[PDB]
Structures are given as C-alpha cells and as structure tokens.
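Computation of the quantities below employed the complete heavy-atom set of this structure, encompassing side-chain atoms and omitting hydrogens, waters and symmetry-equivalent molecules. Sequential numbering from 1 along the given sequence is applied to the chain's residues.
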Amino acid sequence: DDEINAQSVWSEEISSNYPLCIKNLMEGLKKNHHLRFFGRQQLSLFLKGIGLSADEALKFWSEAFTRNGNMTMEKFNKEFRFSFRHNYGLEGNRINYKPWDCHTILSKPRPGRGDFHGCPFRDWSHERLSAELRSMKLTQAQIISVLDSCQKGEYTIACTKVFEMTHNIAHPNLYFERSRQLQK
Ligand code: SF4
C-alpha cells in the first residue's frame with residue numbers, strides 16, 4: 001500500500017511507468033469518468049498486476065466513476081461494484097483473472113467509437129501517435145523509427161523502442177516493472 005494505492009496511481013511518478021495502452025486507458029477514465037467492459041478489464045487487471053489491493057481498487061474505481069458528479073455512489077454500487085469485486089474474487093469466484101499480455105490485448109475485438117482498450121501502436125493514427133510521442137520528448141528521427149515498426153505491424157517492437165528512447169516477452173506489466181525498476 002505504501003507504493004501502489006488508489007491515490008498513487010494518479011501520480012506522475014507512478015504513471016510515468018505505464019505503457020502507451022494503460023496511459024490511453026487512464027486518460028479516457030479521467031475525462032469520461034467511465035470505461036467500457038473491455039477497457040474496464042484491461043485497466044483493472046493491469047492495476048491488480050502492479051499490486052493495487054482490493055480495497056484500494058474499489059476506492060480507485062468508485063471515486064473515478066463518480067468524479068465530477070458523473071454518477072451517484074448508489075448507481076455505482078448498484079451497477080458496477082459487483083463487477084470490480086468479481087475481478088478480485090471478492091464474491092467467491094475462483095476464475096483465474098490474470099493480467100492480459102500484449103498478444104491477448106491485440107486479440108480482443110478492435111476498439112470502436114468510445115472504446116479505450118487495445119494497443120495505440122495499432123489503433124491510433126500516425127498523426128495521433130506523433131503528437132503523443134513529441135510530448136514524451138521524442139525527436140522526429142525517433143518518431144519515424146517507431147512509426148516504421150507500426151507500419152510493419154510489429155507493435156511490440158514499436159513499444160520496446162519507445163521504452164528505450166524514453167529511458168536511459170510482450171507484457172504491459174513487464175513494461176511497468178522494468179520502468180519502475182529504473183526509478184529506484
Ligand atoms: S505493445 Fe503491449 S504494452 Fe505496449 S502499448 Fe501495445 S498492448 Fe500496451
């Protein structure tokens with residue numbers, strides 16, 4: 001709880017370790033105060049994979065869904081609380097909900113309008129990727145190298161390139177713990 005909790009996952013320090021997909025999901029949750037089923041599972045199981053406790057997860061999801069008066073606490077407890085508790089097995093279920101790897105993430109149905117699951121290196125446009133990479137302090141030479149892998153369909157190589165360029169197999173939780181390891 002000292003490192004990963006409901007408040008510290010919104011921190012810049014912790015969130016600077018997220019791969020592009022989790023960053024995309026967190027951003028959609030912050031502005032819409034809600035995520036769809038596929039996006040819910042991708043992000044929820046990742047946070048569980050980095051050590052977010054059951055109590056902190058329910059604190060995290062409840063505040064996020066009810067933020068800015070998006071929905072009441074009663075609507076959340078009646079329409080979403082069970083599903084999040086289900087993912088941690090707090091209702092007695094013994095389904096093995098492991099965090100999704102990149103292969104599993106890319107295999108899900110592709111995101112449409114309003115969806116935030118998936119992998120940005122395949123689902124975003126080159127224009128959207130380029131602007132996002134520039135805010136991450138990448139130069140156009142580095143950008144053209146990442147888009148090259150994207151155009152070739154090697155999305156895990158493009159994400160591995162971003163890691164090396166932003167720092168000094170194929171799993172989003174492996175991205176986090178490698179990056180978070182370089183912080184300590
Ligand atoms: S390669 Fe995997 S970890 Fe990286 S952005 Fe795509 S789905 Fe996320």
Side-chain angles (χ1 to χ4, degrees), residues 1 4-73 75-77 79-91 93 95 97-102 104-112 114-125 128-136 159 162 171-173 175-176 179-180:
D1 285 7
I4 311 294
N5 50 79
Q7 298 179 81
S8 71
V9 291
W10 293 112
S11 95
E12 291 176 49
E13 169 185 353
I14 300 297
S15 55
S16 70
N17 304 289
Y18 300 158
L20 255 224
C21 67
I22 300 304
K23 296 213 241 272
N24 183 32
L25 286 156
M26 292 288 274
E27 256 312 305
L29 172 67
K30 173 151 266 178
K31 323 216 224 175
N32 298 316
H33 319 302
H34 166 70
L35 282 173
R36 269 344 244 92
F37 178 63
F38 292 155
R40 281 207 305 275
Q41 300 310 99
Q42 184 168 345
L43 183 47
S44 154
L45 298 173
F46 169 87
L47 296 175
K48 177 169 136 52
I50 67 158
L52 194 61
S53 69
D55 280 8
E56 293 294 325
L58 281 168
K59 292 168 59 173
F60 168 80
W61 286 109
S62 87
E63 185 271 352
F65 270 39
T66 66
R67 187 180 293 168
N68 284 11
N70 177 250
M71 72 180 66
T72 73
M73 260 308 259
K75 182 138 170 291
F76 176 81
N77 291 336
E79 290 180 20
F80 300 94
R81 177 180 177 267
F82 173 90
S83 293
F84 287 118
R85 295 177 81 253
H86 177 89
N87 292 339
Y88 279 77
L90 301 175
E91 98 292 30
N93 93 85
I95 307 175
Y97 284 118
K98 275 285 277 169
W100 300 350
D101 62 11
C102 313
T104 299
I105 287 182
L106 293 149
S107 309
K108 302 293 177 183
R110 293 203 31 131
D115 297 330
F116 287 87
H117 65 282
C119 156
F121 293 95
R122 173 196 70 178
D123 306 321
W124 281 355
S125 83
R128 264 192 260 91
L129 268 169
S130 277
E132 190 86 17
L133 292 176
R134 282 191 302 266
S135 57
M136 298 167 62
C159 170
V162 164
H171 201 301
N173 285 89
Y175 192 107
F176 175 89
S179 171
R180 179 59 175 169

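Heavy atoms only, all atoms of each residue included: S16 and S179 are closest at O-OG, 4.1 Å. In terms of heavy atoms, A6 sits closest to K59 at CB-CB, 4.0 Å. Nearest heavy atom pair, residue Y88 against residue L47, reads OH-C, 4.3 Å. When all heavy atoms are compared, the tightest approach of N17 to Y175 is O-CD2, 3.4 Å. Closest of all the heavy-atom pairs between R85 and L58 is CG-CD1, 3.7 Å. The shortest heavy-atom contact between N87 and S44 is ND2-OG, 3.6 Å.
With sequence neighbours excluded, no residue forms a side-chain hydrogen bond (donor to acceptor under 3.5 Å, both in side chains) with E12. When the ring pair (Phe, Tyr, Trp, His ring centres under 6.0 Å) test is applied to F60, the partners found at least two apart in sequence or on another chain are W10. Listed by chain and number, the residues in a side-chain hydrogen bond (donor to acceptor under 3.5 Å, both in side chains) with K108 amount to none (sequence neighbours excluded). Every residue two or more places apart in sequence or in another chain was checked for a ring pair (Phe, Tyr, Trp, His ring centres under 6.0 Å) with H171, and none qualifies. For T104, the side-chain hydrogen bond (donor to acceptor under 3.5 Å, both in side chains) partners are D101, not counting sequence neighbours.
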Original post:
Can you list the steps and then say if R40 with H34 is a side-chain contact (heavy atoms from CB on, under 4.5 Å)?
Top reply: CA-CA 8 Å; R40 281 207 305 275; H34 166 70; 4.1 Å; yes

**OP:** Evaluate the criterion side-chain contact (heavy atoms from CB on, under 4.5 Å) for residue pair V162 and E132; output intermediate values, then yes/no.
**Re:** CA-CA 11 Å; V162 164; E132 190 86 17; over 6 Å; no

**OP:** List the steps and the verdict of side-chain contact (heavy atoms from CB on, under 4.5 Å) for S62 and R81.
**Re:** CA-CA 8 Å; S62 87; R81 177 180 177 267; over 6 Å; no

Subject >> Derivation and outcome, side-chain contact (heavy atoms from CB on, under 4.5 Å), residues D123 and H117 >> reply: CA-CA 9 Å; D123 306 321; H117 65 282; over 6 Å; no

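By the neighbour-count criterion of 12 heavy atoms within 6.0 Å, atom CG of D55 is sparsely surrounded, having that number or fewer from other residues, nucleotides or ligands.
Taking the side chain as every heavy atom from C-beta outward, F176 and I14 approach each other to under 4.5 Å. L35 has its side chain within reach of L43: a pair of non-hydrogen atoms, C-beta onward, lies under 4.5 Å apart. Side-chain contact between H33 and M71 is absent, with no heavy atoms from C-beta onward closer than 4.5 Å. Contact check for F46 versus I105: no side-chain heavy atoms found under the 4.5 Å cut-off. By the 4.5 Å heavy-atom criterion applied to side chains, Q41 and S83 are not counted as neighbours. By the 4.5 Å heavy-atom criterion applied to side chains, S53 and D1 are counted as neighbours.
Judged by distance alone, the side chains of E91 and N93 do bring a donor and an acceptor atom under 3.5 Å apart.
Under the 3.5 Å distance criterion, the side-chain polar atoms of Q42 are left unmatched by any main-chain donor or acceptor of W100. When atom types are taken as modelled, the side chain of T72 and the backbone of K75 share a donor-acceptor pair closer than 3.5 angstrom.
Taking the six-membered ring where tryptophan is involved, the planes of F65 and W61 are perpendicular, since the angle between them exceeds 60° and thus also 30°.
Screening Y97, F80, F37 for a ring pair (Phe, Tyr, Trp, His ring centres under 6.0 Å) involving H86 leaves a single residue, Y97.
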Show which side-chain atoms of residues 25-32 pair as donor or acceptor with protein atoms under 3.5 Å away, not counting sequence neighbours.
| unit_1 | atom_1 | unit_2 | atom_2 | d |
| --- | --- | --- | --- | --- |
| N32 | ND2 | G28 | O | 3.3 |

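Taken to the nearest 0.5 Å, the SG atom of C21 stands 9.0 Å off from the CZ atom of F121.
A salt bridge links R180 to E13: one of the charged nitrogens lies within less than 4.0 Å of a carboxylate oxygen.
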